[PDB]
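Q: Top to bottom, those sequences are chains Cz, CG, CN and Ci.
Counting with the deposited numbering, you get residues 1 to 217 for the letters of the first sequence.
Counting with the deposited numbering, you get residues 80 to 271 for the letters of the second sequence.
Counting with the deposited numbering, you get residues 2 to 204 for the letters of the third sequence.
Counting with the deposited numbering, you get residues 58 to 113 for the letters of the fourth sequence.
All C-beta atoms, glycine included, are put in the ideal place defined by N, C-alpha and C.
Take a look at the following structure, please.
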Amino acid sequence: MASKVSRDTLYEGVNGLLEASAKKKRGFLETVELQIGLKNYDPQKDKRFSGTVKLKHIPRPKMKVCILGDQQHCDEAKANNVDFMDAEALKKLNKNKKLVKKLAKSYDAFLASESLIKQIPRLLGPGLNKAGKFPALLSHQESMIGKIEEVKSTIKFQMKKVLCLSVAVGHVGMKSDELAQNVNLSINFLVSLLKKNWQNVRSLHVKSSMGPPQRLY
Amino acid sequence: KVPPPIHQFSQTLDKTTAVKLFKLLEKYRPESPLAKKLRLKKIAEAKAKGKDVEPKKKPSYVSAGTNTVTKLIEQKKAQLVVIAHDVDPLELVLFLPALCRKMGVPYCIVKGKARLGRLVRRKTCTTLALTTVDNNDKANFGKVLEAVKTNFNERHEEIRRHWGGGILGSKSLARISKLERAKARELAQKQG
Amino acid sequence: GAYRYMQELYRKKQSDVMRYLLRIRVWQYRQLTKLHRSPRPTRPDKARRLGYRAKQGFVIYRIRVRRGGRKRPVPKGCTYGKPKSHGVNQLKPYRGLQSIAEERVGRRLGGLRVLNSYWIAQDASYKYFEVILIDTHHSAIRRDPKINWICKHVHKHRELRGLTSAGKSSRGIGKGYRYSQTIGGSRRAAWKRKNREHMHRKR
Amino acid sequence: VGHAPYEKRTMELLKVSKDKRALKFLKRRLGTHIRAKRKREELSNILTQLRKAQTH
RNA sequence: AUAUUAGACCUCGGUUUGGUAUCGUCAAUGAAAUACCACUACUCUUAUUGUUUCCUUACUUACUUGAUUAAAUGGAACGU
RNA sequence: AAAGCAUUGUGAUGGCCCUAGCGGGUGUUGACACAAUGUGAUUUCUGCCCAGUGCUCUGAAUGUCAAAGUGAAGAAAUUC
RNA sequence: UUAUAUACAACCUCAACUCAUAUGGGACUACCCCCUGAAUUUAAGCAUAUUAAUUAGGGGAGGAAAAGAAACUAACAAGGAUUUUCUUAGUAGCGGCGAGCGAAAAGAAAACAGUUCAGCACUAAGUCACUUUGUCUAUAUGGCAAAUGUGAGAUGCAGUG
Numbered sequence: 001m002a003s004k005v006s007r008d009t010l011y012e013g014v015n016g017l018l019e020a021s022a023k024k025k026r027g028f029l030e031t032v033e034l035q036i037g038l039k040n041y042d043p044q045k046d047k048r049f050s051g052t053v054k055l056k057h058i059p060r061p062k063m064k065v066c067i068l069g070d071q072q073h074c075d076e077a078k079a080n081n082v083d084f085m086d087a088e089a090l091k092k093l094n095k096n097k098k099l100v101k102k103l104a105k106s107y108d109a110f111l112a113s114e115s116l117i118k119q120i121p122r123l124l125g126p127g128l129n130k131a132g133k134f135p136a137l138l139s140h141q142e143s144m145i146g147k148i149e150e151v152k153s154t155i156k157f158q159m160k161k162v163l164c165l166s167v168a169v170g171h172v173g174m175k176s177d178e179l180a181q182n183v184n185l186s187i188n189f190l191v192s193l194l195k196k197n198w199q200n201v202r203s204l205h206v207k208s209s210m211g212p213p214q215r216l217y
Numbered sequence: 080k081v082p083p084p085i086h087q088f089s090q091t092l093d094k095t096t097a098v099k100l101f102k103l104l105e106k107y108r109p110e111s112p113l114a115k116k117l118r119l120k121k122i123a124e125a126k127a128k129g130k131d132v133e134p135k136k137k138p139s140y141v142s143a144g145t146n147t148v149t150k151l152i153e154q155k156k157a158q159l160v161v162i163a164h165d166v167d168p169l170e171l172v173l174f175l176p177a178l179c180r181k182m183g184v185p186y187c188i189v190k191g192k193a194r195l196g197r198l199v200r201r202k203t204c205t206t207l208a209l210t211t212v213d214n215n216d217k218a219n220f221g222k223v224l225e226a227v228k229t230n231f232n233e234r235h236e237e238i239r240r241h242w243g244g245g246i247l248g249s250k251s252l253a254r255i256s257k258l259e260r261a262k263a264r265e266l267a268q269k270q271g
Numbered sequence: 002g003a004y005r006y007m008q009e010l011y012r013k014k015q016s017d018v019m020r021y022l023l024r025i026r027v028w029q030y031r032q033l034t035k036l037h038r039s040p041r042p043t044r045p046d047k048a049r050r051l052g053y054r055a056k057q058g059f060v061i062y063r064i065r066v067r068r069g070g071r072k073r074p075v076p077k078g079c080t081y082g083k084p085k086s087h088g089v090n091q092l093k094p095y096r097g098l099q100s101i102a103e104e105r106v107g108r109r110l111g112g113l114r115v116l117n118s119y120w121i122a123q124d125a126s127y128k129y130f131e132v133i134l135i136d137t138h139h140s141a142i143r144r145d146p147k148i149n150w151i152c153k154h155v156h157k158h159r160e161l162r163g164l165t166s167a168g169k170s171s172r173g174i175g176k177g178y179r180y181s182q183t184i185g186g187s188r189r190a191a192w193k194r195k196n197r198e199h200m201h202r203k204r
Numbered sequence: 058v059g060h061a062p063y064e065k066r067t068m069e070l071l072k073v074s075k076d077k078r079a080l081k082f083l084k085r086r087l088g089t090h091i092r093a094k095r096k097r098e099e100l101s102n103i104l105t106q107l108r109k110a111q112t113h
C-alpha cells in the first residue's frame, strides 16, 4: 500500500529524514509536488485568499517563464536575467503560439501588469480565461523582489476544479537537510494565511515522484 | 463480562516461579520483635564504651503498604514490585500494575494478601516493593526478574485489551452442549 | 502515594472498570440488612479526609435509604386546607438522603457519635452510605488529643442536631449575601432577630 | 479506565459530523458552554494524539 | 526522462556515459493541449467499529413470582 | 331485609377493597367461587328505541397531540 | 491439602456467650439546635398572598447553645472570622404590584483568638490500646517503668506540615 524507503507506518522523526542522502538511485532530477486540497472552501466563487509559500531556499526547479513590460518592469531588471517584452506579444500566446512543436502556454504563470488592464477581461477569453495559466497582481512577482526566484521556487496557487493541485514544492536535487527546510518556513506564514480558518484542513501530504508521498503530522 | 484491568489478577505468577519468589523474600523480612530493640540495647554500649557509629550497618529489607510502594515506583527506587489479587474494594491496587509499566518496573501479582502479610508479620499486606538488590543474592534474583517480566511486562498489550471472565455455567452450557450435539448430528446423520 | 490515585480512580464512575465494580457492590450490599456493621472502611481514601483513622475504636456502619421525595403522610383522606396545601406526591424533604442516612444510625446506636458519612453505591431505589462512627468512651478516643473534641457533651447526638457535615447543609449556613437569612445562626434565630421588637427604655 | 459513554458518544461525532453537534451534545451532558468547550478540546486532543501512536 | 547495458567508479549488481523504446511533455487547433508523474470520486463492491418513530428471536446474572422442613436438580455410567 | 330473578367483573403477575410507607383483607379463597349492582315469593308476562349520556371494543389509524429523544438556524441563550 | 478421602495452617466475611471492661434510653422547660407544619385572621367576598417559613406534633443538647476564622464584600484612597445592639430602613426589592411584605454591604459600638486535618522525596511504624510486674500517693476511667505479654496498625498509626 505504501513503500517504506520513506517511512509512513513508522511515524516520522526529524532525525530519520537525514538518512536520505542514500535515498536516490537516479541521476536526473524532476519535480516533487505542492499538493494542496481545499475542501470545505470553495474557490469557484469570489472566495479566494492569495498567498505564496515564500521559500528562502532554492531546491533547483526545472522550468521557464516569459514575462511582460510597458515602461513598468525592467527599468531595474537588466541585472536580473530579464527580456522586457513590450507586453503585446500576448496574442502571440492567444490562438497564435511560439512555434510548431512547442506551445505558447508552455510556462508557469502569467503576468497581470500595470498597463494591460486594457487586455484582461474578455480579450483573454479564448486565450487565458480558457487556459487557466493566469494569476493577477496577487502573483507576488511583478519584477519587484523575487523575479528569477519566482521561477526559482516561489510560486502561488490557482486552483484545480476538483481541488488537486500539482506545482513545485521542491525537487529531488536537495541536500540531506533540505527535506526539513521547505515546510520549516511555513510554520508561521500559512498557519493563518488560510482565511477565516480555525483549522478547516488536515491534508498536508507532500508528494514525491521519485518516492512515496511524505505525509505530515 | 469483566473489564480488562480486571483481570490482570488472575494471571497471577503460577506456582513454580512464585515459589522461588518467597524463597528470596524470606531474606528481607522487615523486623523481628526482640531483635529490633536487642539492636537498641546494642546502642547502650555506644553511650559510654563504643564512641563511634558502629551498630547501624546500613539495612536492606522490603517496603510494605500501598502508599509506600507508589512512591518507590514514582521515583524508580523499586526493583521488583509484588501486588495482591484478592484486594477489596479493588481501587487501592487498580492503578498499580499499569504504573509499573509506565515507569518500567518489573511487577508481579502473587496469590495471597495473607501470603505477603505473614512475611511482614501482620494480617494483610496488599503489595510490596524491593529497593534492595543485595549483592550476594543477585543471581537468583536475576532470573526471577525476566521470568516475572514475560507474563507481566511484555504482556501489557493484550493485558490492556483481552479479558472476558464471562463464564456461562454450568447447567446452561450443559443445556446447549446437547443442542450442539443434536443440531450437528441432524446434518451429520443426514445421509441415513 | 496510593491515596492520590484512589481519588481520581473513584471519579470515573461512568467508566467500565468502575461501573462493574459498583455493580457487584450494590448486589452484595442489598442482599443484607438495612443497617449493617462494616469491618473496614470500604473506601479508605474518602474515610480519612472525613475524619476516620485506623484507631480503635473508629467504627463504620452501612445504611440504605429509599431514594425519592416525601409522600405527604396525610391519610388518603388527603390534606384539608387551602389549595396551596394540597401537594402530596411531588414534595421533597429538606434533609437529603445522606442527612437522613446517618440520622438513622445515630438513633439505633446511641452509645456512639456520628462523625461523617459517605456514598458508596446506589441503584434506583437505594442509595447507601458508610458512616464513620466513634466509640467516645474508649480509652483511645479519649486519651488522644486530636480526635478528643467529640468526647465532650456538646457532641452528644450532633448528627441529630445538624452538626455533622451532611445535616449541616440543609440549614443554609454560609457567608455572605446569598446565605443571608440565616445570619444569626439557625434560620429561626434569624426570624427571631428580624422580628424582634425592641421597646427601649429611652425611646 | 478509558472514557465514559458520553465521551465515546461524541468522539465518534468528532471524527466526522458537525463539531457544532459535539458541542450541543456536550452542553447537555455537562451542561454549560464553558465545560463543554473544555472537554471538546480535550477529546479532540487525544483523538489526534492517538492518531499518532496507533501505528508506531 | 526512465528501463536496459558494457566500460570510468563500486567487492559486484548498481550508479554514470551513450544507444534503443510508448503516446507524447509540443503540433493539429480547441470548452481543458494530456510526457515523466500524485493528494483520489460517484454509481458500487469489499472489509474492519456507526443517530433510530429500529426489528425479531434467544440467553441469565439484576429483578419479580411461586414451592419446599430449601431430599434426590443437571449431566454421564454400567446392568436390561 | 328476604327468597326467587337477572345483569357485571375476575382463571391469579387476577377482580374487589385497605395502606403514609411497608404491606395487607376477601383467602384455610378458585367460576356451583369471590366481588359489584338492580329487582323483589309463586303465577303470568317482560313490547319498541343505541338519537342524547354512560360503559365498552386486538380494534379507526393520523384530525388532535405531552415531556424526553432527533434535525436545522444562530456566537450562545434560544427560536423554529 | 480439598477422588470434598488423614490433618495442617493462615487470612477474609460473619457468629455466639449470665465472657472481661465499659457505653446508651428516661425527666424538666424559660432560653438553644434539628425537623414537620396548619387554620382561624386580614385582603371589607375569595382561590395566590396574608396569618407564617408561626400555634400544635416529633427529635437533640448546654450553662448557654448555635455560629465562626471567607469559595465574604466592594468597585474604594478600598476593607477582612463569628455573634449582639444602633443605624442603614419600612429602604432596595418582592406582591391578585392588591392586602401587604422586606433584607444586606458600608458606617458606629460591645467583645475580641485563633486554628487543625486529608492529600507531597516524613525519608528505618519514628504511634496506640490492653494486661501483668515493679512502684508512685486520689480513696487515681491516675504517675512512671518493666514483660515490650497480648492485640489495634502498612486497606496507613505518630511527628513535620
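From which residue to which residue does the beta strand (DSSP E) around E105(CG) run?
A: Premise fails: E105(CG) is in no beta strand (DSSP E) and is neither H nor E.
Q: Smallest Cα separation from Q214(Cz): which of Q35(Cz), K130(Cz), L93(Cz), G69(Cz)?
A: Checked all of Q35(Cz), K130(Cz), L93(Cz), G69(Cz); the closest Cα to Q214(Cz) is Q35(Cz).
Q: With the cut-off set at 8 Å, would you say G69(Cz) and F49(Cz) are in Cβ contact?
A: Against a cut-off of 8 Å, the Cβ pair of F49(Cz) and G69(Cz) comes out as no contact.
Q: By the 10 Å Cβ neighbour count, where 16 or more other Cβ atoms means buried, how is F28(Cz) classified, buried or exposed?
A: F28(Cz) is exposed by the Cβ-count criterion.
Q: Rounded C-beta distance between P59(Cz) and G170(Cz)? I'm assuming under 8 Å.
A: Going by Cβ atoms, the distance from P59(Cz) to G170(Cz) rounds to 4 Å, so yes, they are a contact pair.
Q: Give a yes or no on whether 8 Å exceeds the smallest Cβ distance from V199(CG) to chain CN.
A: So, not an interface residue.
Q: What are the start and end residues of each continuous beta strand (DSSP E) run of 3 or more residues lying completely inside the region 132-176 of chain CG, in chain order?
A: 160-163, all fully within the region 132-176 of chain CG.
Q: Cβ closer than 8 Å: which chain CG residues qualify as neighbours of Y127(CN)?
A: Result: empty, since nearest Cβ-Cβ is about 18 Å, beyond 8 Å.
Q: Do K13(CN) and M19(CN) have their C-beta atoms within less than 8 Å of each other?
A: Yes, the Cβ-Cβ distance between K13(CN) and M19(CN) is below 8 Å.
Q: Go ahead and pull the three-state DSSP assignment for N117(CN).
A: Reduced to three states, the DSSP call for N117(CN) is strand.
Q: Tell me the DSSP secondary structure of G125(Cz) in three-state form.
A: Correct three-state label for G125(Cz): helix.
Q: Kindly indicate if chain Ci contains any beta-carbon less than 8 Å away from that of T154(Cz).
A: Chain Ci contact via Cβ: absent.
Q: Within the same chain, show all residues whose beta-carbon is closer than 8 Å to that of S192(Cz), passing over the 5 residues directly before and after it, in chain order.
A: Correct list: empty, nothing qualifies.
Q: Using the C-alpha atoms, what's the distance from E69(Ci) back to residue 116(Ci)?
A: Any question about residue 116(Ci) goes unanswered here, given that chain Ci covers just 58 to 113.
Q: Relative to the C-alpha of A112(Cz), which candidate in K102(Cz), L128(Cz), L99(Cz) has its C-alpha closest?
A: Measuring from the Cα of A112(Cz), the nearest candidate turns out to be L128(Cz).
Q: Within its chain, find whatever has a CB closer than 8 Å to the CB of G70(CN); leave out the 5 residues flanking it on each side and keep chain order.
A: The answer, listed in chain order, is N90, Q91, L92, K93, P94.
Q: From which residue to which residue does the alpha helix (DSSP H) around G170(Cz) run?
A: No alpha helix (DSSP H) holds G170(Cz); the beta strand (DSSP E) holding it covers 167-171.
Q: Since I148(Cz) contacts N81(Cz) with CB under 8 Å, what's their CB separation in whole angstroms?
A: That pair is a contact at about 5 Å.
Q: Helix, strand or coil: how does DSSP classify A122(CN) here?
A: Strand.
Q: Find the residues of chain Ci that neighbour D17(CN), judging by a C-beta separation of less than 7 Å, and give them in chain order.
A: Chain Ci residues near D17(CN): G59.
Q: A55(CN): which of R159(CN), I133(CN), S187(CN), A122(CN) sits nearest, CA to CA?
A: Closest by alpha carbon: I133(CN).
Q: Would you mind stating whether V183(Cz) and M210(Cz) have Cβ atoms separated by less than 8 Å?
A: Not closer than 8 Å, so no.
Q: Taking a cut of 8 Å between CB atoms, which residues from the region 10-33 of chain Cz lie near chain Ci?
A: Listed in sequence order: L10, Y11.
Q: Where does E33(Cz) fall in DSSP's three states?
A: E33(Cz): strand per DSSP, three-state reduction.
Q: Could you tell me whether any Cβ in chain Ci is nearer than 8 Å to the Cβ of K13(CN)?
A: Yes, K13(CN) lies at the interface with chain Ci (some Cβ there is under 8 Å from its Cβ).
Q: Please indicate yes or no: does the CB of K4(Cz) lie closer than 7 Å to some heavy atom of the ligand GDP?
A: Within the structure as shown, the ligand GDP is missing, as the structure has no ligands at all.
Q: Taking the alpha-carbon positions, what's the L36(CN) to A267(CG) distance?
A: Their Cα atoms are separated by approximately 59 Å.
Q: Answer yes or no: do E160(CN) and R63(CN) have a C-beta to C-beta separation smaller than 8 Å?
A: Not a contact, by the Cβ cut-off of 8 Å.
Q: Determine the extent of the alpha helix (DSSP H) in which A136(Cz) is found, giving its start and end residues.
A: From DSSP, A136(Cz) is part of no alpha helix (DSSP H); its letter is neither H nor E.
Q: Ends of the alpha helix (DSSP H) at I148(Cz)?
A: Note, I148(Cz): alpha helix (DSSP H), 147-151.
Q: Measuring only the C-alpha atoms, how far is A93(Ci) from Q15(CN)?
A: About 17 Å.
Q: Going by beta carbon distance, what residues of the same chain come within less than 7 Å of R109(CN), once the five residues before and after it are set aside?
A: Same-chain partners within the cutoff: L36.
Q: Just to confirm the assignment, what range does the alpha helix (DSSP H) spanning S101(Ci) have?
A: From DSSP, the alpha helix (DSSP H) with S101(Ci) extends over 90-110.
Q: Determine which residues of the region 69-99 of chain Ci have a Cβ less than 8 Å from any Cβ of chain Cz, and write them out in chain order.
A: Within the region 69-99 of chain Ci, no residue has a Cβ that lies closer than 8 Å to any Cβ of chain Cz.
Q: Reducing DSSP to helix, strand and coil, say where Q99(CN) ends up.
A: In the structure shown, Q99(CN) sits in a helix (DSSP, three-state: H, G or I).
Q: I need the DSSP call for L209(CG), collapsed to helix, strand or coil.
A: In this structure, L209(CG) counts as coil in the three-state DSSP scheme.
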